[PDB]
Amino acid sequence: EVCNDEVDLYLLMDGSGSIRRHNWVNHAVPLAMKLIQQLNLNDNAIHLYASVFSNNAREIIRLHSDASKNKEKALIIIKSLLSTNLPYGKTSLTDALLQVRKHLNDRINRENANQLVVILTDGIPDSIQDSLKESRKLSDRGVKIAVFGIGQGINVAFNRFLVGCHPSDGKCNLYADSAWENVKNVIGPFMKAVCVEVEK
């Protein structure tokens, strides 16, 4: 499919109280599933890491595990989110980003694979400063960061600043946003744009 390269992909998904339960069930979780359908998870291709951030970041798919490089097993884990009490709590994007940085510091990532973080969010993180501090630390290590905004509660400027684009003007391939009802129609072209840019 799309996104067929050697990439360690870290999927950070918002599961905070800012999301209505209806949107979590009908849109957020199916979106995460459709995003993964756009990936070729395999031994020599994409390796998936996934977490959901609320008050803290919960790791649901370990990097380099079986579900990490198997799409079938990954969808099962993502689908199992519906059996939890999510969504709730604050929006700790920082903690999620901190986990990614710890993975790099421990050299868990593949030495020769591109490093990509993909953030699905519907609102602002609790700390603008700390999440921006972590994102720049990552991007200084060659980690590409992509943001997928959802709904009317997002901050467009912040999302684009987190990516590394101008907060307002110019085209930004590593950023896209969408209304809740339209998320599954946008994620495809978004991932396709993200892929091409990472390969550069």
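The first residue of the sequence shown is number 1, and the count goes up from there.
Looking at mean Cα B-factors across 130-138 and 57-65, the upper value is held by 130-138. Two stretches are in play, 183-191 and 8-16, and the higher mean C-alpha B-factor belongs to 183-191. Per the deposited coordinates, the residue with the largest Cα temperature factor out of 105, 80, 94, 85 is 105. Between the residues 44, 159, 26, 37, the entry's highest C-alpha temperature factor is the one at 44. Sort the chain's modelled residues by C-alpha temperature factor and residue 168 lands in the highest third, per the entry. Among the modelled residues of its chain, residue 117 has a C-alpha B-factor that falls in the lowest third according to the deposited record.
For residue 155, the recorded CA temperature factor ranks within the middle third of the chain's modelled residues.
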